[PDB]
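In each ligand, atom 1 is the first atom listed, and ligand 1 is the first ligand listed. Chain A is the first sequence line, chain B the second, and so forth, proteins listed ahead of strands; every chain is numbered from 1. Values below: every heavy atom of this structure, side chains too, minus hydrogens, waters and symmetry copies.
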Amino acid sequence: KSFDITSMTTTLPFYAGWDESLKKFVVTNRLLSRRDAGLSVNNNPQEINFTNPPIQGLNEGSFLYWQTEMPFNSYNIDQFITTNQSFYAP
Amino acid sequence: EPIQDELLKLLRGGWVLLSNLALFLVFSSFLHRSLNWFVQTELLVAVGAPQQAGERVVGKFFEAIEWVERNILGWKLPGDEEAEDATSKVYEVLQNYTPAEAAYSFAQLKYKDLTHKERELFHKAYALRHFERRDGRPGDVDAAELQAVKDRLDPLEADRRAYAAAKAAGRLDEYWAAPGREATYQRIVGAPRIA
Amino acid sequence: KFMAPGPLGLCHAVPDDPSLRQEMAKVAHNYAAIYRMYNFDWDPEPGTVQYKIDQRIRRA
Amino acid sequence: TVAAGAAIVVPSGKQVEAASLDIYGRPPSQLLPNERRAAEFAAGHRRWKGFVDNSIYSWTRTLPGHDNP
Amino acid sequence: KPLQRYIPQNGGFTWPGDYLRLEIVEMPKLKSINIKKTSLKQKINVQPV
Amino acid sequence: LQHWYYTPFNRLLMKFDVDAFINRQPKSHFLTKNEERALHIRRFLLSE
Amino acid sequence: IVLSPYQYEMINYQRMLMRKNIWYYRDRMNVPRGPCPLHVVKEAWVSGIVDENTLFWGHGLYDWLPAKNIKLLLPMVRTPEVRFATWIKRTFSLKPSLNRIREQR
Amino acid sequence: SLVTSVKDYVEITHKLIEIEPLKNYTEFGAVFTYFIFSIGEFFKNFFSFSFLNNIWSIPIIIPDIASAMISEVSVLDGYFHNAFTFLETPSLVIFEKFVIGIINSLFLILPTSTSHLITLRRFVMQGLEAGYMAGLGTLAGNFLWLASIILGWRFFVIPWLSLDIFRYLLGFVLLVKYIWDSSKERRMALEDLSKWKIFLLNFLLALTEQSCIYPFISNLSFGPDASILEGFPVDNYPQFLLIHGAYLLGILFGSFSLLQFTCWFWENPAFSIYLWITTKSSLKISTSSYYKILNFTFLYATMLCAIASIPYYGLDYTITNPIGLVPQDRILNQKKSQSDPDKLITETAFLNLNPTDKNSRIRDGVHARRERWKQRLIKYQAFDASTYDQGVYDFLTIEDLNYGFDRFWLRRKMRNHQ
Amino acid sequence: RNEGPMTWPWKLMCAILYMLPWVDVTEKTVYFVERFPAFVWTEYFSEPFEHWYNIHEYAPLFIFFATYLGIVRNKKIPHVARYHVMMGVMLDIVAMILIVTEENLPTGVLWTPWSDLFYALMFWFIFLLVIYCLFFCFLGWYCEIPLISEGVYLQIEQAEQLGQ
Amino acid sequence: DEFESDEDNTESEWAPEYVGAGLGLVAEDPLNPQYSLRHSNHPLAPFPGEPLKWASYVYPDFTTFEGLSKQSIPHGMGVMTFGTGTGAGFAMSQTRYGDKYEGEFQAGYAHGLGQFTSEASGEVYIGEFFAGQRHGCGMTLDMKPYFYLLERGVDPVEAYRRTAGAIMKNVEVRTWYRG
Amino acid sequence: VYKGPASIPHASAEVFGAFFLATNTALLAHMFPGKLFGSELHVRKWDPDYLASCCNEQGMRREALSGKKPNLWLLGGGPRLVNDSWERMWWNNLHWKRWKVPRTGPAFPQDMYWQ
Ligand SMILES: CCCCCCCCCCCCCCCCCC(=O)OC[C@H](CO[C@@H]1O[C@H](CO)[C@H](O)[C@H](O)[C@H]1O)OC(=O)CCCCCCCCCCCCCCCCC
Ligand SMILES: CCCCCCCCCCCCCCCCCC(=O)OC[C@H](CO[C@@H]1O[C@H](CO)[C@H](O)[C@H](O)[C@H]1O)OC(=O)CCCCCCCCCCCCCCCCC
């Protein structure tokens, strides 16, 4: 008997496009890496790095804008409300 | 009976229907917007102060008069300086009233290796920008020192991007002739690079 | 059209890449494992797992 | 009103070069489409403020100070 | 109370990555020199930092 | 009134519509209470 | 089958819970396919793209199940027009094509 | 759109903070300046053809393995990996596609839609030539749309499909004008311009979205497809051209043959059924009141075809989508002036309301309606009218809002004597 | 006798007077909107109209007397505007007849879902009549309702000579 | 009076039960242990009001969640990809852009069984999680030489043939207490 | 007996009768799918996304067989040339694709429940 009880399958959807090395029209399941999807685009030989699509920091105005939309929140802003600060340090 | 006459008559009928429906919707929108003011005036009558409601109505007329005086003619209308100081914008509150400890840059929590200078560079780039600080001009952050700090932390991603850049051009053996690339190939993969 | 899960997929040709057919066999194996948990035989054959289970139920 | 306002608002090429060269570091026709419109708007807003200051506000400030509430 | 849902939203009056930063906040603005003091229309209710 | 709300004379039209709807399924899909109990028992013994 | 009033009210309650459902199914590559309201499910059933053994998910379930084992899905799908058109498509389009593709390869 | 122009204006005013700050967002000089500039550029682009010089298409380039999802690539017992890649690839097939085209054309002309009803009304109330031109109009419009899909003419198909609300309004205007013309029972003989009118009506109705009565039968096709609009596998360019041309010619030949059969049926066999109804039936009806109820039945059927899509869509999709909004847009929930919890835009405040949202009719001083169904839940909007997958339930349960005796018992103040 | 067309202020006044029967049936909207959510905007549109038509108990009787004595009999006003005013009054009377009918239902029917169907049909029928008449009022045309519009024509030609 | 002359104290008011993973409970019905979950917020508790929903979320930091949700909270099964910030109860220094967790979620935390994968460092962990914090038995692999050689244009079969033995010799199997 | 000046159009009572009966019948036909002589009432023949996907399929296949690199045509529009976010660059096609579920419809319940 095998170690696996269920089979591990790749679970990626397919799409059509040009291959540039085979030089052919191809159906494939090769998508762009998640390490750089959303950060950059290449619509020319030159590359555009986008300036604000992931937020990389937060102040009180932008925290008030995105208060119920974040996956986390830190102590750094929540010091200044006493019930929240008691939740962090009981 | 010609096609042109039928299209023009259809166009005129559609225009008159749409214009009258838009006028009805504009009146209904005004009637939805202004209900609270009429309700407060009616409550001021019904509480037992019938003379103060006329003051509210003529105050609305006098507010229209004051708007005409201030905006078209341009007169001072004294007391406006005390009204201007009562309110402020969000970025002005950030410039004047907030501590620097109420802003962070996601990388002072992620990297423990950061010095104080890289910490304030990340703070000025991502936490409080040049419009959110008092003595802040555009171009405060260099974005070349920031790239150097972002390459010092996680250097292998920078190596991967350098490889992709050299492969897009024709400088691949110029990539491999850098003084550390063969050594890090030897360290990661336990055999020397045959190719 | 070979990817369609109904009768329309069965009458169409799978390409001759061996790794793709390996993947299709694995997906079908997982689907059969899901199917066996909800669909049962009325009269199970002696020597099978369901026959053993039914014998224990009757004994209980 | 639309054409009469557009005579006041719409700037010429020298205002657009002037509004581009101080807001941005670059001369025009070297910009993204969204950042050309900022220079055009700044030139038009400067024209509007200048017109209001020299042609409407030069003679309406005779100080009839009254009519408070 | 009806509890609030933590779903990210789309649209708005801004392009993504920005917030409304000319929004009016009831909070005063102090000039550098005060003389013949009277009062403030909008007060600073929480004074310590 | 909760008991009177569900009397058959008050639910008659519903009894027509469901009788159409449930008859669109294959006949072998109808099960006895003993059969559904037995199938539940077989499911968790197969898990063991 | 003679149903009790208890069974009638249970079917009606389940129909109330399932009125607004949007369905999804998996294909032979374990890839989920598009948003399926009930009429899209009927079109896919008539065309032969799905059948009663296809894995489905909707509200009320934790995991993906074959369509025959999901309660009330098949009575919702199997309209008389759907049954007639499914029989027409199976008899005169897909089975001759299956015999042709068995003989040709 | 309008929302995109507002976003661009807000971006400009945020840029102007470092140079010349504004008083507020709605300062009159800046708003007037931007309005003049934007309407000037809109008219400049409208005198041009903005659907002609813009970019609608992109090339698709597949990433190599070094740039792909590296953690998803696994090697299975050596020599295999799961990064899949495959190509899409006598005169009997030409004849086969011709015959399949004839059968699928037979599937096209089943009388289940709006245009077939208009053609039948022109065959009955008016002469043979009127019905012939109506049928020719549906044939030509269906052929143009089908050939555009088969041959892959995206320059027409995709910009035309992008204007969806305009297509819906065009269908409404055409049907309402036809209903008003048909309600006046006008009767000339037949002239060339009046011949071209009815052809143009059925041709233009073929390009819109219309109602159907037997959609699963009508969308059946011979062959392994979900519709009659899917292509065939071919090996090179002339095989593509010949195979799809043969299929299109089969569609055309079958459609013209069915039109000739319809004309032949409406010349002589129709009068046999007509005299069987009007003389051999035991019912006693005149010939001037049978036509009256026939005209009313045709009017009722085409009015139902014009009305049916109105409960189908909400006002979000038909109104706020052309404005430029997305579903559950952030400006539908934006409140004005922090300390005030009321919505900034009251014109769309009805969209996406929870049952636990407060009702505004309970404010003091308001002489609103009496709502006896809500008297025991008076602080909330105590009904559930939710859509696709947007239902939210917090201490007002699903059963209390819309099930059985719980819902019935909560609304008992409707049925007090007074 | 004025035979001219309607102009826009008469259209606006007639639209408000057509909002009156919607105000009189707007309680029963929930029994229709529950089944067809696309019409949920009809739950919220008429709220300030409900407020202003109930400022006093004697307000709608005053409105009916004022419109009948000052618009319908006045021959200088164009005939189609008087037609639309009398149509609004007749639709109001039809809605009040429906209210009288729903307040005399027996107690056995009132505790069944048949009452829910009756409420939904009340709202939907008045809403359909109002939408149809508002469409033809914004066009500026005559619209003929069966069993209603002939009485409207007779009442106009009766109110006219209501002097000699 | 039952409604106005009685108030609940803070320490004696009713709350839903905490059951954790849900194992080891006493079954009221021996044939149906799930019936014992009915007083809790466990993801398999029967009839929790609103249905469990298929959520696809993109957060402003570009963390994404895909999977089952309860009242918009990730609470069943699914996949979380990490953006510039963090998620699933992980600490901020653990994740990088493009890392992945797959497995069980309760109340927004990684809780139960799962797999953590990082493309940037090559670390793989398979095993148990308690409140996002790596608790119980686990297996750790370093897949960095294979990933490194794949990023420099080596086809995967040749890369696996070069790196598989050194990857297999360095597998670690351990017990973790709290991270 | 006086109706009007006859230069202002009069709509007949048959128009309202057809409108009234057609609205009520459309509502009843939407509530009961499967009972319209065994059928139901649809408001379109083909999904626009389905039609566009077929047209893109044939277009790129014809482009590939002619020896060129194929192009995908996007519903809503192509990209904007910006540099601040990916979502702003691809806003028009994203706006088309976000409206998928209400474009498919319907906005009323798909199955009948008896209250
Ligand atoms: C494609 C071309 C089409 C024409 C282009 C028309 C676009 C016109 C641009 C107008 C810009 C209006 C300013 C928007 C300010 C929003 C700023 C914001 O943060 O909101 C925030 C502000 C509220 O914010 C507060 O407002 C206070 C005012 O009391 C303060 O003064 C400050 O503004 C602010 O603190 O919201 C608004 O004021 C509500 C506006 C919502 C509606 C947007 C304008 C829509 C009007 C367009 C109608 C014109 C249609 C013409 C069509 C012609 C083509 C056929
Ligand atoms: C860029 C800025 C974004 C702005 C987006 C603007 C959306 C514009 C929608 C405009 C349509 C609304 C009309 C204004 C309603 C006036 C009354 C109002 O404010 O009510 C305001 C009410 C909302 O009511 C509010 O509700 C709140 C609930 O939270 C509270 O109860 C408040 O007290 C109450 O005021 O809204 C309506 O009832 C909306 C009804 C709109 C439907 C009218 C049917 C007619 C539809 C148009 C017909 C088109 C015909 C085809 C034409 C062809 C051309 C396409």
Side-chain angles (χ1 to χ4, degrees), chain B residues 14 17-19 21-22 24-36 87 89-90, chain E residues 11-14 18-25, chain H residues 1-14 22-28 30-43 45-46 50 165-166 168-169 172-173 314-316 318-325 329 331-338 340 342-354 357-363 366 368 381, chain I residues 38-51 131 134-135 138:
Chain B
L17 189 147
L18 279 193
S19 68
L21 175 65
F24 180 59
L25 291 182
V26 158
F27 180 82
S28 298
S29 168
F30 160 74
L31 198 64
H32 265 273
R33 289 288 185 126
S34 73
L35 185 69
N36 261 332
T87 64
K89 301 179 189 66
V90 172
Chain E
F13 288 115
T14 50
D18 211 351
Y19 64 100
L20 286 179
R21 53 187 200 246
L22 301 194
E23 174 184 356
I24 298 301
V25 175
Chain H
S1 61
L2 178 63
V3 182
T4 299
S5 312
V6 166
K7 275 155 167 162
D8 291 330
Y9 171 70
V10 171
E11 185 214 17
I12 286 161
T13 69
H14 287 179
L22 291 176
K23 184 177 180 180
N24 64 34
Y25 280 129
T26 51
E27 187 160 3
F28 184 77
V31 165
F32 182 56
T33 296
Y34 187 75
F35 179 88
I36 299 300
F37 172 99
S38 81
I39 206 70
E41 293 293 328
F42 177 69
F43 277 0
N45 283 347
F46 204 91
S50 67
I165 309 292
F166 170 71
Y168 306 158
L169 281 172
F172 182 80
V173 163
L315 279 196
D316 62 357
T318 52
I319 302 303
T320 72
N321 163 41
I323 301 301
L325 295 188
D329 199 287
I331 65 169
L332 305 176
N333 275 23
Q334 160 150 335
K335 293 155 173 52
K336 51 179 184 291
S337 85
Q338 288 196 4
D340 211 329
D342 290 320
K343 296 193 187 176
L344 176 68
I345 306 281
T346 80
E347 279 75 45
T348 43
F350 69 102
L351 296 161
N352 313 318
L353 286 179
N354 295 331
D357 286 335
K358 71 206 190 283
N359 68 321
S360 65
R361 289 184 167 91
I362 192 167
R363 289 171 300 184
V366 178
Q381 294 176 357
Chain I
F39 300 102
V40 76
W41 62 267
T42 68
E43 182 65 26
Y44 304 98
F45 182 72
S46 68
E47 174 199 55
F49 292 99
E50 292 147 32
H51 170 85
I131 286 298
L134 259 184
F135 182 89
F138 290 153

List every atom of ligand 1 that sits less than 4.0 Å from any heavy atom of [X], numbering the atoms from 1 in the order shown and giving each element.
| X | value |
| --- | --- |
| E:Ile24 | 35 (O) |
| H:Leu344 | 36 (O), 39 (C) |
| H:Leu2 | 6 (C), 7 (C), 47 (C) |
| H:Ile345 | 41 (C) |
| H:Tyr9 | 13 (C) |
| H:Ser5 | 1 (C) |

Check whether any protein heavy atom sits under 4.0 Å from [atom].
| atom | value |
| --- | --- |
| atom 21 (C) of ligand 2 | yes |
| atom 45 (C) of ligand 2 | no |
| atom 17 (C) of ligand 2 | yes |
| atom 6 (C) of ligand 2 | no |
| atom 51 (C) of ligand 2 | no |
| atom 10 (C) of ligand 2 | no |
| atom 38 (O) of ligand 1 | yes |

Notebook entry, point to check: Would you say the side-chain atoms of H:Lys343 pair up with the backbone N or O of H:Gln334, donor to acceptor, closer than 3.5 Å?
Noted result: no
Check: Can you tell me if H:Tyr34 uses its side chain to pair, donor with acceptor, with the backbone of H:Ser5 under 3.5 Å?
Finding: yes
Notebook entry, point to check: Stepwise, does the side-chain contact (heavy atoms from CB on, under 4.5 Å) test hold for H:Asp329 with H:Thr320?
Noted result: CA-CA 10 Å; H:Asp329 199 287; H:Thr320 72; over 6 Å; no
Drop me the distance from [X]'s [atom1] to [Y]'s [atom2], to the nearest 0.5 angstrom.
| X | Y | atom1 | atom2 | answer |
| --- | --- | --- | --- | --- |
| B:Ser28 | H:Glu347 | OG | CD | 10.5 Å |
| E:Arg21 | E:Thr14 | CZ | OG1 | 9.5 Å |
| H:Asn333 | H:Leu351 | CG | CG | 10.0 Å |
| H:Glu27 | E:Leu22 | CD | CG | 10.0 Å |
| H:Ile345 | H:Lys336 | CD1 | NZ | 9.5 Å |
| I:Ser46 | I:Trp41 | OG | CH2 | 10.0 Å |

Atom indices of ligand 2, in the order listed, that fall short of 4.0 Å to a heavy atom of [X]:
| X | answer |
| --- | --- |
| H:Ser360 | 30 (C), 31 (O), 32 (C), 33 (O) |
| I:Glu47 | 33 (O), 34 (C), 35 (O) |
| I:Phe45 | 17 (C), 38 (O) |
| H:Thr348 | 7 (C) |
| B:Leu25 | 13 (C), 16 (C) |

Please state which protein non-hydrogen atom is closest to [atom] and give its distance, to 0.1 Å?
| atom | answer |
| --- | --- |
| atom 12 (C) of ligand 2 | H:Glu347 O, 4.1 Å |
| atom 49 (C) of ligand 2 | B:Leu21 CD2, 4.4 Å |
| atom 41 (C) of ligand 2 | H:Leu315 CD1, 4.4 Å |
| atom 27 (C) of ligand 2 | H:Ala349 CB, 3.8 Å |
| atom 55 (C) of ligand 2 | H:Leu169 CD1, 4.3 Å |
| atom 23 (C) of ligand 2 | H:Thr346 O, 3.3 Å |
| atom 35 (O) of ligand 2 | B:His32 ND1, 2.7 Å |

Notebook entry, point to check: Considering distance alone, does some N or O of H:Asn24 sit under 3.5 Å from an N or O of ligand 1?
Noted result: yes
Margin query: Between ligand 1 and H:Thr26, is the shortest N or O to N or O distance under 3.5 Å?
Written below: yes
Note to self: Checking contacts here: is it the side chain or the backbone of E:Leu20 that comes within 4.0 Å of ligand 1, counting heavy atoms only? Could be both or neither.
What the structure shows: side chain
Next item on the list: Quick one: look at H:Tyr25 and ligand 1, take heavy-atom pairs under 4.0 Å, and tell me if it's side chain, backbone, both or neither.
Entry: both
Item checked: Close aromatic pair by centroid cut-off 6.0 Å: H:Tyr25 and H:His14 -> yes
Next item on the list: Check B:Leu18 against ligand 2 and report side chain, backbone, both or neither, counting heavy atoms closer than 4.0 Å.
Entry: side chain
Margin query: Are more than 12 heavy atoms, taken from residues, nucleotides or ligands other than H:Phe172, located less than 6.0 Å from that residue's CZ atom?
Written below: no
Next item on the list: Taking atom NZ of H:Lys23 as the centre, report whether more than 12 heavy atoms of other residues, nucleotides or ligands fall under 6.0 Å from it.
Entry: no
Next item on the list: Could you tell me whether some N/O pair between B:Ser29 and ligand 2 is separated by less than 3.5 angstrom?
Entry: no
Notebook entry, point to check: Heavy atom of H:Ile331 under 4.0 Å from ligand 1?
Noted result: no
Checklist line | Residue pair H:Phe350, I:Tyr44: steps toward the ring-ring contact (aromatic ring centres under 6.0 Å, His included) verdict | finding: CA-CA 7 Å; H:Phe350 69 102; I:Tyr44 304 98; 7.2 Å; no
